[PDB]
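*Asks:* Structure incoming, see below.
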Amino acid sequence: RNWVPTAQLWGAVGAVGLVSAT
Amino acid sequence: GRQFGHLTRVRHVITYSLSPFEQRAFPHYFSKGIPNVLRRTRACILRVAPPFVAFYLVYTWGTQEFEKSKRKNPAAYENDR
Amino acid sequence: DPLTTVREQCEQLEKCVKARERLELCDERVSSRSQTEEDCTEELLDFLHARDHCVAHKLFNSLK
Amino acid sequence: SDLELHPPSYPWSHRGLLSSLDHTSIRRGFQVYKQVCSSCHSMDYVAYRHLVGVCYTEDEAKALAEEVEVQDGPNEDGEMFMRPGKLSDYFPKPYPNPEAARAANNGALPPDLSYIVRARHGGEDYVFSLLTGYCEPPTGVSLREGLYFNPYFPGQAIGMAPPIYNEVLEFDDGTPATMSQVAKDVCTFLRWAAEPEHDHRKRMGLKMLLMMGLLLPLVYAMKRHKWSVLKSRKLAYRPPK
Amino acid sequence: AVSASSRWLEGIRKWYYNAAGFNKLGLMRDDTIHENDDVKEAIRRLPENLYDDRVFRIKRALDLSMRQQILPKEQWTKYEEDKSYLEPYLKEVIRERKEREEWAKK
Amino acid sequence: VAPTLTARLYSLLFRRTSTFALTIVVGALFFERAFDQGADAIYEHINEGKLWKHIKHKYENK
Amino acid sequence: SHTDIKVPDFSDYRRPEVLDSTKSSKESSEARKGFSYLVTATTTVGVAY
Amino acid sequence: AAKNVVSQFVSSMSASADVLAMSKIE
Amino acid sequence: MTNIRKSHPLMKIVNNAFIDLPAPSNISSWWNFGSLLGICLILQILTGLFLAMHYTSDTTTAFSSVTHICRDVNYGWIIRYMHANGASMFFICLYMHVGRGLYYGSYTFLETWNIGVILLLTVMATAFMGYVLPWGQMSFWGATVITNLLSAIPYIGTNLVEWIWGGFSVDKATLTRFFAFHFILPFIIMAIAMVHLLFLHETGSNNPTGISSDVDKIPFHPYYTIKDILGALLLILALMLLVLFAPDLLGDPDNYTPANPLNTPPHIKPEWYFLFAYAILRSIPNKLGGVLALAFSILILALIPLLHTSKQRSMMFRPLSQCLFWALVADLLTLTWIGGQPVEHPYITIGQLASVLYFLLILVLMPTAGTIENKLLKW
Amino acid sequence: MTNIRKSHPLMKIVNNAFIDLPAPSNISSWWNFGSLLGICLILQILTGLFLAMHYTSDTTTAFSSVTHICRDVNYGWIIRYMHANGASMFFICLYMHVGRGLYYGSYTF
Amino acid sequence: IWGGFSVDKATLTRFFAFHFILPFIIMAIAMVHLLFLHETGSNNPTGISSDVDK
Ligand code: HEC
Ligand code: HEM
Ligand code: HEM
Ligand code: HEM
Ligand code: HEM
């Protein structure tokens, strides 16, 4: 349900984290 | 083995509290601080301060003497004689 | 050049004049009674201090 | 048990929390060490890495480090056939080994200037006031020739030849080489060899201080936010009594 | 032979009693006690009134401590009102345990 | 009426923790750069010409 | 007996936005949570640095 | 068993023939 | 229960000593030193492991090694200075911790106070060995003078000092041993700290007032986790303020001189955290008398629980003890001053009186003051 | 309870996982590898700490250092050869451990 | 991981430090391992619960 949209913003966070942080 | 339901027995006490988002976190801090800080420092000062004051005198004198007795190379006994 | 001037100035102040009297007597006392164990070094040690405090502050604006 | 005179808080570009080193000083000083001091005192942990630290280019210092390996070169290190080129070589040891070093200075052992600033008590001030401090022996005093009298040495006597004297060397630009002017530059280069991190660390200090001024207040609010309920709380006691 | 000396200790005692700030907190001397095994049993023996009271006063106290504020001058504990309400209870408990210890000698 | 700046911010970014953290990640990035830039500049200002950055000229390309 | 209860005057501890004995807090408090959560997001963003 | 085992582990610290070689030889 | 993450894993339940635990409400800022104490152990540890990632433990190199860590290695300079400065913090923090249980009767928790005491003296050994690793003049001579202080024991001493050193002096032998023990003591210490916390979780934390707070208990998570984080904030502030603006300031020793065994700083002395003990040791003419007295300075701590005379475990409501308490801290400060002092008349005579005043304050004055106060209250 | 040493200290209760614990009757010899597993962990450690009491971690010396532990140092030879061999055991033991888990389905846990 | 292009000193001191500190960390793990196992006890050759024989 809300998990896609929430999994997609959790997705994005990891990505931007790595990208930036690394 | 449970710490919250087993502490102690309390009867007849009512408690009123308010939510963080309804209140302010910094309640007339300058005003309270000055008076409260003032009031407890002044009840501390007498109990606390002394000994430190003491030390300071000891320090001061203590160092004077050293420098004297040692810098006063002639201190112990004079030159002319 | 620089250092040498500023030193002098410093010893021209009323507290340097005043405490150089102990150096003057020192030097003569010691030179005349040369055998004595008296150190003129110890007397100099006060002058130098007061000269140098001064020096520092002024001497710095003169260098590169 | 002799009084020891102590160093002024001599006016230094860097005395201050944010103040940093002045490389031109470094630069100058360097040459002072190299011409005035290389002769008896070593700097082992200093490589020919001034580049960015001293504003000498990599070509500039390469060259500067090449001639030092051509004359003092790795033939004093044990690289039989070594000459100009290398940059990982450290500043050239005045003598093969310490024992010699005392013989050249008659019993005394020229301290490695690498860390003098941070080693000996009293920092650059002492170093500056030593070099610049040389006065007349005190009435009634005796002095073996090596035992020059210095106003700032613990035992009131040092085995130090004219450390620095006017017009000892010449700098590229034209900085007036005064005994003191040179010592101001020499000390500074020493400050740096003692603590190469001097500038970076001060720079981070600034960053740490701004940040910390944003977190300390921020986190305090967070603390009141939560605990407010408790400190805003009021009580009532109503027995049946 | 205590007429002048022991009618003057009350003066140091009074001095001392307000000195120790617990006065100001709304607490009383009996609530300041180190809760140990004997005190613990005396506590348990307290009446609902006596007992619930100790709970509120310590409640109000630990609340002030937490906030670093003192109670108003008007609402303080006055030395003349020394409720030694624990004392009675506390005594016996000790009395009983002293006996027990003594009975165990031989 | 409009939402106070914060209420606007709130409803766009802080209801959902997913967006909140996203924010923070983003923020941490953007922040680092401006801090540095601004913080660095401040520091360099206080030592004008004292640092190699200032002094490179002298012996550079003739 | 349990009706002569009053909740104590909180007026000193509360705040501007929701001090209005007679008006809604719903259209006030939207922001109030923002501002508190704002503080959090900033701290967590600086600390991250 | 324990006694030797323990003893070996403590003499392992006592004083290495390396060092002790030079001891008393001047 | 179902899906209550916490109690599901048994392991995760064990961690709810942080989140759910009964925490007193009222609670001075002093308590934040326990937590901070543990931040310091973790800091030291990570730092140590990175330093010991580029250090060597030999006469020849050690010095160099440290010197190399601070010059060619990337961010090893701060790591090392963070390390050095840390340990100062670690101690500053430890002595707040002990003061708070000397004042508030936390030491009532006998069990917990004896683990503390073990903790304090373990951390003392680690700091003693770690300062010598670098192998600088100060280090070299300090470990000779202290270790040799052990040779005051009459029958064994002498043999024993030579076992510890692994030779007749302090050469390689000894320096590798310190490296090994320094590295493994903080890991043993961590288990003791957790054993300490274990016991202390059975009775909860005391308060200013000195009275049970079971009537007013707060969730640790909501409140204390922020307080702790905030206390870290300040703690790190001091660490970095020290390590970034005045690296050396608090590290009295300027001896960045490679150790020369014939050479001596006439002014030989432990760092600030040890001065007290030092001063107390010099006050005694006799060597052995000093060593015993040295031990007792520190070991004296376990006796306080027996020494407690009053009925109020809280000093808070007791004037006279508050007054002597403070003096003893200022006496302590006085003794630390003597530590960096030439061992001459002026300081001698002072130190001696200080040393007696310390033992008086602990052994005789306070105890009496406790009684008096009890009798004034009519207790 | 009173003066039941075990549960008196809370700490000492935690040690009653050794003494009082429910242990199945039937039980091949295989399970002793758990315990031995720990045995080995403790032996390596005591051994390690003594070797690392005379070892140096540099190119130049390391070989020498070990060589010196096995020659001049008293009972350093066994300590080192005990440490080397141990680790063999440690592994020999490990692979019994996992075998057992594989075979009787201890891995259900 | 190597601390450079080869395996010179840099690597050699790293292994010394991690070798030293792993075993300590591992002991924590072991105990954690034991912790979990203590919650269901030791399986047997038969493969059945022994609760009826303990
Ligand atoms: C050759 C001789 C030189 C030269 C060119 C310099 N020094 Fe310097 N120095 C020399 C000796 C033989 C000694 C030993 C002194 C003694 O044992 O009495 C020293 C000593 C110093 C010191 C004294 C520090 C101390 O031991 O307390 C310092 C600070 C020092 N040397 C520094 C220094 C600097 C910066 C120089 C270049 C300008 C320098 N020396 C030149 C011998 C010599
Ligand atoms: C809380 C316990 C610890 C304390 C009090 C402590 C303290 C110290 C001190 C005071 C020094 C001297 C540094 C100097 O002045 O130059 C030092 C050095 C050192 N310590 Fe620690 N330390 C602790 C834990 C550790 C740990 C856990 C490790 C490794 C895992 C470690 C590794 C080292 C190393 C390798 C050095 C030498 C390099 C240097 O001089 O920094 N220490 N330590
Ligand atoms: C490695 C050093 C130490 C660490 C890591 C540590 C850790 C802690 C922590 C986290 C707490 C709980 C919070 C607090 O009360 O501050 C605490 C409490 C306590 N510690 Fe320490 N401790 C250390 C050293 C000591 C020492 C040296 C002593 C005394 C000799 C000691 C005795 C106590 C006592 C008595 C308490 C309970 C006080 C109370 O809350 O009423 N600890 N410890
Ligand atoms: C089970 C955990 C450990 C295992 C598997 C293990 C295994 C090994 C092995 C296989 C070697 C090579 C020895 C050789 O063949 O020469 C070694 C060396 C070494 N280990 Fe351990 N070890 C462990 C724990 C430790 C611990 C805890 C320490 C320190 C407290 C340590 C310190 C050393 C030292 C200093 C050496 C080097 C000298 C030598 O070769 O003996 N080890 N270890
Ligand atoms: C550091 C190495 C280890 C230590 C110190 C250790 C220790 C222990 C001990 C003391 C026991 C209880 C007795 C027994 O059944 O033998 C045990 C049981 C067990 N261990 Fe380990 N172990 C280690 C490695 C492993 C490995 C690598 C695994 C599997 C991947 C493992 C899986 C198990 C299992 C499944 C059991 C429970 C079996 C049962 O009784 O039904 N162990 N361990």
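Convention: chains lettered A, B, ... in structure tokens order; per-chain residue numbering from 1; ligands numbered from 1 as shown.
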Name all residues at most 10 Å from residue 241 (chain D) (count only C-alpha atoms; drop same-chain ones fewer than 2 positions away) and give them as a count of residues only.
*Replies:* 5
*Asks:* Which residues form the shell of 6 Å around ligand 2 when you count only C-alpha atoms and all ligand atoms, given as a list in words?
*Replies:*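 What falls inside 6 Å of ligand 2 is residues 41, 44, 45, 48, 49, 51, 52, 55, 66, 80, 84, 87, 123, 126, 127, 130, 131, 133, 134, 182, 183 and 186 of chain I.
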*Asks:* So the first atom is atom 19 (C, counted along the ligand's line) of ligand 1 and the second is CA of residue 110 (chain D); what is the distance between them in Å, to one decimal place?
*Replies:*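 Separation between atom 19 (C, counted along the ligand's line) of ligand 1 and CA of residue 110 (chain D): 4.9 Å.
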*Asks:* 10 Å from ligand 5 is the threshold here; counting only C-alpha atoms and all ligand atoms, which polymer residues fall inside it? Answer as JSON, numbers by chain.
*Replies:* {"J": [23, 24, 27, 28, 29, 30, 31, 32, 33, 34, 35, 36, 37, 38, 39, 40, 41, 42, 90, 91, 93, 94, 95, 96, 97, 98, 99, 100, 101, 102, 104, 105, 106, 107, 108, 109], "K": [23, 26, 27, 28, 29, 30, 31, 32, 33, 34, 35, 36, 37, 38, 40, 41, 42, 43, 44, 45, 47]}
*Asks:* Could you take the residues named above and write them with C-alpha atoms, as an mmCIF file, in the first residue's frame?
*Replies:*
```
data_model
loop_
_atom_site.group_PDB
_atom_site.id
_atom_site.type_symbol
_atom_site.label_atom_id
_atom_site.label_comp_id
_atom_site.auth_asym_id
_atom_site.auth_seq_id
_atom_site.Cartn_x
_atom_site.Cartn_y
_atom_site.Cartn_z
ATOM 1 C CA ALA J 23 21.014 -29.921 29.979
ATOM 2 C CA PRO J 24 19.727 -32.821 27.921
ATOM 3 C CA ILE J 27 24.296 -36.024 24.099
ATOM 4 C CA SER J 28 27.056 -37.200 21.803
ATOM 5 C CA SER J 29 30.627 -36.289 22.512
ATOM 6 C CA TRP J 30 30.305 -33.764 19.705
ATOM 7 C CA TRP J 31 28.894 -31.016 21.877
ATOM 8 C CA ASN J 32 32.095 -30.697 23.911
ATOM 9 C CA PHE J 33 33.410 -28.631 20.904
ATOM 10 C CA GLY J 34 31.288 -25.682 22.054
ATOM 11 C CA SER J 35 33.121 -25.419 25.396
ATOM 12 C CA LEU J 36 36.495 -26.381 23.818
ATOM 13 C CA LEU J 37 35.689 -23.629 21.323
ATOM 14 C CA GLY J 38 35.765 -21.188 24.130
ATOM 15 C CA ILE J 39 38.793 -22.914 25.625
ATOM 16 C CA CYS J 40 40.688 -22.166 22.462
ATOM 17 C CA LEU J 41 39.521 -18.624 22.391
ATOM 18 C CA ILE J 42 40.855 -18.070 25.891
ATOM 19 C CA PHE J 90 40.703 -23.697 17.153
ATOM 20 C CA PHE J 91 39.766 -24.413 13.595
ATOM 21 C CA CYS J 93 37.183 -27.581 16.716
ATOM 22 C CA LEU J 94 35.182 -25.005 14.781
ATOM 23 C CA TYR J 95 34.563 -27.446 11.941
ATOM 24 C CA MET J 96 33.442 -30.135 14.320
ATOM 25 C CA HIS J 97 30.971 -27.545 15.709
ATOM 26 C CA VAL J 98 29.416 -26.764 12.395
ATOM 27 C CA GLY J 99 29.342 -30.393 11.373
ATOM 28 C CA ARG J 100 27.220 -31.195 14.424
ATOM 29 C CA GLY J 101 24.884 -28.308 13.572
ATOM 30 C CA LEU J 102 24.614 -29.539 10.097
ATOM 31 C CA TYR J 104 21.464 -32.939 13.974
ATOM 32 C CA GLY J 105 19.707 -29.685 12.917
ATOM 33 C CA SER J 106 20.897 -27.519 15.727
ATOM 34 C CA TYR J 107 20.835 -24.890 13.061
ATOM 35 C CA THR J 108 17.104 -24.769 13.539
ATOM 36 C CA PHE J 109 17.937 -22.077 16.166
ATOM 37 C CA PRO K 23 39.402 -11.643 19.421
ATOM 38 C CA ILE K 26 34.635 -11.931 19.119
ATOM 39 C CA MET K 27 34.403 -12.818 22.801
ATOM 40 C CA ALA K 28 31.452 -10.393 23.058
ATOM 41 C CA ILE K 29 29.937 -12.179 20.141
ATOM 42 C CA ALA K 30 30.459 -15.618 21.706
ATOM 43 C CA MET K 31 28.624 -14.493 24.824
ATOM 44 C CA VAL K 32 25.875 -13.003 22.672
ATOM 45 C CA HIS K 33 25.733 -16.432 20.925
ATOM 46 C CA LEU K 34 25.528 -18.200 24.250
ATOM 47 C CA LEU K 35 22.727 -15.727 25.291
ATOM 48 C CA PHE K 36 20.415 -16.735 22.449
ATOM 49 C CA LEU K 37 21.181 -20.456 22.877
ATOM 50 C CA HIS K 38 20.263 -20.277 26.565
ATOM 51 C CA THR K 40 16.060 -22.888 23.963
ATOM 52 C CA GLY K 41 18.768 -25.270 25.279
ATOM 53 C CA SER K 42 20.819 -27.929 23.387
ATOM 54 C CA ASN K 43 19.310 -30.286 20.707
ATOM 55 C CA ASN K 44 20.159 -34.062 20.781
ATOM 56 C CA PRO K 45 21.097 -36.976 18.528
ATOM 57 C CA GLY K 47 16.354 -34.868 17.433
#
```
*Asks:* Determine, counting only C-alpha atoms, which protein, DNA and RNA residues have an atom within 6 Å of an atom of region 6-14 of chain H; residues of the same chain fewer than 5 positions away are not included. Present the result as a list in words.
*Replies:*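 Counting only the stated atoms, we get residues 163 and 166 of chain I; 74, 75 and 76 of chain J.
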*Asks:* Could you save the residues just selected, with N, CA and C atoms, as a PDB file, in the first residue's frame?
*Replies:*
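Result went into again28.pdb, see below:
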```
ATOM      1  N   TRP I 163      61.084  -7.645  37.178  1.00  0.00           N
ATOM      2  CA  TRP I 163      60.225  -8.564  36.436  1.00  0.00           C
ATOM      3  C   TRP I 163      59.292  -7.770  35.523  1.00  0.00           C
ATOM      4  N   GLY I 166      61.223  -6.269  32.853  1.00  0.00           N
ATOM      5  CA  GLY I 166      61.782  -7.269  31.951  1.00  0.00           C
ATOM      6  C   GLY I 166      63.235  -6.906  31.659  1.00  0.00           C
TER       7      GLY I 166
ATOM      8  N   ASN J  74      62.669 -16.636  27.640  1.00  0.00           N
ATOM      9  CA  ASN J  74      62.328 -17.812  28.400  1.00  0.00           C
ATOM     10  C   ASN J  74      60.885 -18.328  28.277  1.00  0.00           C
ATOM     11  N   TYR J  75      60.701 -19.437  27.661  1.00  0.00           N
ATOM     12  CA  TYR J  75      59.509 -20.200  27.471  1.00  0.00           C
ATOM     13  C   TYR J  75      58.693 -19.458  26.433  1.00  0.00           C
ATOM     14  N   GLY J  76      59.410 -18.607  25.669  1.00  0.00           N
ATOM     15  CA  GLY J  76      58.733 -17.928  24.562  1.00  0.00           C
ATOM     16  C   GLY J  76      58.508 -18.913  23.419  1.00  0.00           C
TER      17      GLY J  76
END
```
*Asks:* What lies within 9 Å of residue 8 (chain K) using only C-alpha atoms, ignoring chain neighbours under 6 positions off, as an MDAnalysis selection string?
*Replies:* (chainID J and resid 58:59) or (chainID K and resid 2)
*Asks:* At a cut-off of 12 Å, which residues of chain G touch chain I? Count only C-alpha atoms and give the answer as number ranges by chain.
*Replies:* G: 40, 43, 47
*Asks:* Those residues with C-alpha atoms, as a PDB file, in the first residue's frame please?
*Replies:*
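After the write, out.pdb holds the following:
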```pdb
ATOM      1  CA  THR G  40      15.118  18.950  14.843  1.00  0.00           C
ATOM      2  CA  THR G  43      20.383  20.021  14.206  1.00  0.00           C
ATOM      3  CA  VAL G  47      25.391  17.116  12.961  1.00  0.00           C
TER       4      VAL G  47
END
```
*Asks:* Just the alpha helix (DSSP H) stuff from region 49-243 of chain I, please, per backbone DSSP, written as a PyMOL selection string.
*Replies:* chain I and resi 49-51+59-69+76-103+110-130+137-147+157-165+172-200+225-243
*Asks:* Could you give me the residues within 8 Å of ligand 3, counting only C-alpha atoms and all ligand atoms, as an MDAnalysis selection string?
*Replies:* chainID I and resid 30:41 94:95 97:98 100:101 104:110 112:121 123 189:190 193 196:197 200 204:207 301:302
*Asks:* Could you list, as number ranges by chain, all the residues within 7 Å of ligand 1, counting only C-alpha atoms and all ligand atoms?
*Replies:* D: 32-33, 36-41, 105, 108-111, 113, 116, 120, 127, 130-131, 153, 157-161, 163-164, 183, 186-187
*Asks:* Name all residues at most 12 Å from residue 6 (chain F) (count only C-alpha atoms; drop same-chain ones fewer than 5 positions away) and give them as a VMD selection string.
*Replies:* (chain F and resid 11 to 14) or (chain G and resid 28 to 39)
*Asks:* Generate the output file for the selected residues, C-alpha atoms, as a compact mmCIF listing (two decimals), in the first residue's frame.
*Replies:*
```txt
# COMPACT_ATOMS: atom_id res chain seq x y z
CA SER F 11 3.00 20.09 5.55
CA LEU F 12 5.29 19.83 2.54
CA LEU F 13 8.26 18.20 4.15
CA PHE F 14 7.80 17.08 7.76
CA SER G 28 -2.90 27.54 14.77
CA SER G 29 -0.88 24.44 15.65
CA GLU G 30 -0.06 23.34 12.06
CA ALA G 31 2.96 25.61 12.16
CA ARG G 32 3.76 25.06 15.79
CA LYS G 33 4.66 21.51 14.95
CA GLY G 34 6.63 22.73 11.96
CA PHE G 35 8.70 25.06 13.99
CA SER G 36 9.58 22.45 16.54
CA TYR G 37 10.27 19.86 13.83
CA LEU G 38 12.25 22.48 11.95
CA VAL G 39 14.68 22.71 14.88
```
*Asks:* Between CA of residue 228 (chain I) and CA of residue 14 (chain J), what is the spacing in Å?
*Replies:* 28.9 Å
*Asks:* Within 8 Å of region 12-21 of chain A, counting only C-alpha atoms, which residues qualify if same-chain residues fewer than 6 places away don't, as a list in words?
*Replies:*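 Once the adjacent positions are removed, what remains is residues 18, 21, 22, 25, 26 and 29 of chain F.
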*Asks:* Using CA of residue 78 (chain E) and CA of residue 216 (chain I) as the two end points, give the distance in Å to one decimal.
*Replies:*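 Value for the CA of residue 78 (chain E)-CA of residue 216 (chain I) distance: 25.2 Å.
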*Asks:* How would you report the residues lying within 6 Å of ligand 4, as a PyMOL selection string, if you count only C-alpha atoms and all ligand atoms?
*Replies:* (chain J and resi 41+44-45+48-49+51-52+55+66+80+84+87) or (chain K and resi 19-20+23)
*Asks:* Using only C-alpha atoms, determine which residues of chain F fall within 6 Å of chain G; present them as a PDB file with N, CA and C atoms, in the first residue's frame.
*Replies:*
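The resulting file, part.pdb, is shown below:
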```
ATOM      1  N   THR F   6       6.846  28.201   8.554  1.00  0.00           N
ATOM      2  CA  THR F   6       6.964  26.878   9.154  1.00  0.00           C
ATOM      3  C   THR F   6       5.819  25.959   8.821  1.00  0.00           C
ATOM      4  N   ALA F   7       4.568  26.380   8.914  1.00  0.00           N
ATOM      5  CA  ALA F   7       3.461  25.483   8.583  1.00  0.00           C
ATOM      6  C   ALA F   7       3.517  24.988   7.150  1.00  0.00           C
ATOM      7  N   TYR F  10       6.326  22.486   7.058  1.00  0.00           N
ATOM      8  CA  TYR F  10       5.787  21.364   7.794  1.00  0.00           C
ATOM      9  C   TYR F  10       5.022  20.412   6.872  1.00  0.00           C
ATOM     10  N   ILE F  24      16.589  16.668   5.317  1.00  0.00           N
ATOM     11  CA  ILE F  24      17.862  16.428   5.978  1.00  0.00           C
ATOM     12  C   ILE F  24      18.948  15.898   5.050  1.00  0.00           C
ATOM     13  N   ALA F  28      21.783  18.501   4.576  1.00  0.00           N
ATOM     14  CA  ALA F  28      23.175  18.213   4.934  1.00  0.00           C
ATOM     15  C   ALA F  28      24.109  18.492   3.771  1.00  0.00           C
TER      16      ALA F  28
END
```
*Asks:* Which residues of chain I sit at most 6 Å from chain J, using only C-alpha atoms? Give each one's shortest atom pair and distance in Å (one decimal place), in chain and ascending residue order, as CSV.
*Replies:*
```
residue,atom,partner,partner_atom,distance
I:176,CA,J:53,CA,5.8
I:177,CA,J:53,CA,4.9
I:180,CA,J:53,CA,5.8
```
*Asks:* I need the chain D residues near chain E as a ChimeraX atom specification; criterion: at most 8 Å, counting only C-alpha atoms.
*Replies:* /D:231,235,237,241
*Asks:* What would the file look like if the residues just selected were written as a PDB file, in the first residue's frame with N, CA, C and O atoms?
*Replies:*
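Result file is part_10.pdb:
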```pdb
ATOM      1  N   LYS D 231       8.703  20.333  33.556  1.00  0.00           N
ATOM      2  CA  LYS D 231       8.904  21.581  34.239  1.00  0.00           C
ATOM      3  C   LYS D 231       7.710  22.528  34.214  1.00  0.00           C
ATOM      4  O   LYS D 231       7.557  23.421  35.053  1.00  0.00           O
ATOM      5  N   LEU D 235       1.068  20.134  40.391  1.00  0.00           N
ATOM      6  CA  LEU D 235       0.522  19.067  41.211  1.00  0.00           C
ATOM      7  C   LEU D 235      -0.624  19.430  42.145  1.00  0.00           C
ATOM      8  O   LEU D 235      -1.010  20.495  42.665  1.00  0.00           O
ATOM      9  N   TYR D 237      -2.873  17.482  45.560  1.00  0.00           N
ATOM     10  CA  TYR D 237      -3.037  16.424  46.546  1.00  0.00           C
ATOM     11  C   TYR D 237      -4.366  16.562  47.284  1.00  0.00           C
ATOM     12  O   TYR D 237      -4.576  17.382  48.167  1.00  0.00           O
ATOM     13  N   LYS D 241      -9.482  12.113  53.416  1.00  0.00           N
ATOM     14  CA  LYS D 241      -9.278  12.637  54.743  1.00  0.00           C
ATOM     15  C   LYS D 241     -10.213  13.825  54.964  1.00  0.00           C
ATOM     16  O   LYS D 241     -11.399  13.608  55.206  1.00  0.00           O
TER      17      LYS D 241
END
```
